[PDB]
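Heads up, what comes next is one protein chain in two forms, each shown on its own as structure tokens, labelled structure 1 and structure 2.
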Structure 1
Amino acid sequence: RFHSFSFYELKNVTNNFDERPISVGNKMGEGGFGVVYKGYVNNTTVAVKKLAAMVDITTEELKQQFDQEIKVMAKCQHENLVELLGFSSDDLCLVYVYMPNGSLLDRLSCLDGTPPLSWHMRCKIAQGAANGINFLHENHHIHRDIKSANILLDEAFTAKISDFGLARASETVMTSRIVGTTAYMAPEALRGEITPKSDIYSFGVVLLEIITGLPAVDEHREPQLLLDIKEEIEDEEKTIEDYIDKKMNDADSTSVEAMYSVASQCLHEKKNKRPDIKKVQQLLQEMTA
């Protein structure tokens, strides 16, 4: 149901894969498994991800993740998942519907001078991201790479989960290859366990990013890891209000504490003490009801 592109088409519509940033070219972002380029096809802006080995990955591994991206999106179409338009397999490329407002990570940092997200917008983003994770877990998929860089924002700032190349079927199993972003990863995931409970923990880190506006890791910050503020709040050194993003004017204490409560539950170090995604979904819905 996708569209088969040949590599020469995508090379042409990305200005020969111009590596200069758009603020300068065609490069919009980068990850461990490839670079995302802006493309223009028949007067339509698209996002083209050309896969590349940037994290010491083999050819078979990259191809396997390429096939997993297509498999997941072939069967999973949802309001809060990115929409694939096609691919190229003759270099591997994935062509997506363009997300004009980029990643949640970039909007939380106000990259390129974009205005700060309101608390109202952040609540809808948190709810939409949870709905996307729920849809994946409902379809027996573990995402394994949940982070704010992988939550994209469309023309209505609707949250769209992306990057399913590491996804695995779910019905507690183990792997020798530990993958993911450390600052978002549950302890058991860092140990090699594969479980949907690790997605919940990662989503908790995203919720802390949404509340505070701070990146999950910042080497020039104390604490360096954002998840460490939970310990500070529990040990009563500070409060969640001490860390609320000051770049909002519409955040109220009750709903902010409501989303922190969800985040705190998601961030239980013991995996069986975490809520499932469905409970996270209902807690976030009660936050705004």
Structure 2
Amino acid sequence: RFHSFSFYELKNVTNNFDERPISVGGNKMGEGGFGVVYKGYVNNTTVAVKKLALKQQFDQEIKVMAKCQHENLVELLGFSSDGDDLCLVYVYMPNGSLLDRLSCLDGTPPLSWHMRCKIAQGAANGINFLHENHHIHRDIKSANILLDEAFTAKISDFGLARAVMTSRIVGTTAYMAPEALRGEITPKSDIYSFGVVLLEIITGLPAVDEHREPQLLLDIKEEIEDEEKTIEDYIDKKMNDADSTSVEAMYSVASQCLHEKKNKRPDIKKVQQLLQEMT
């Protein structure tokens, strides 16, 4: 099981929940709609503390994380429920998110094609574990693929995860399958979202850019298919080791995951096999 941390302990290790960025000497790593993420130091070890700011997503995170322990999923160390605020304690990921590394946020070097292939394989191994254990993530995106000291991919944020139709449509629209947008709950929707992640890895482009044509990255599949553009035209130029053949083998996997008809998309086990054959 997990550790029950006291609020006071979490308060002094996050320097009284210092909201100043790390870049100016504070403890704030990033904020989202459901809280603030702080850098902490417990057992000399660095930790990530999400102080929540909702209670259902707290319990859903603990529920899914108690059941799901894999090499390619972030690990939750514990939580704090007793004290003024709810916190979630995780293992620290020194290389942040795949989104940030692909955008080279804060001046970090571009990821090589070799690093990118491993991350794709890793993230897929994580999705396969989730699907084998009958869980649908519902928010597969690069911001939710974290990177450790060896740049091993770790799927994060199981707040919207589910063990089919719903009224409460959730996820990130730039990554969502057409049927997910209509209200269907299916593991096939996670496959589609992973296809967008593969496109981000090949291109280094964000899934949505309001000041770009096309605004949505998934739309380049149409441009390539209708021979208006090539996959080579889109390949991230911030790489020196991107081999044409393996880039084409990854784009084929991405194109397959982005099939508009959910039943024509491969299952996650087929995705792993395809990404393995690529290397």
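Counting starts at 1 with the first residue of structure 1 and goes up one by one along its sequence. Throughout, rigid core stands for the largest set of C-alpha atoms superposing within 1.5 Å between the two forms.
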| item | value |
| --- | --- |
| Candidates 257, 232, 30, 245 - which moves between structure 1 and structure 2, C-alpha at least 2 Å, core fixed | 30 |
| Distance the CA of residue 110 travels between structure 1 and structure 2 [rigid core superposed, Å] | 0.1 |
| Core-aligned CA shift between structure 1 and structure 2 for residue 8 (Å) | 2.7 |
| Per-residue C-alpha deviation between structure 1 and structure 2 [residue 72; rigid core superposition; Å] | 1.2 |
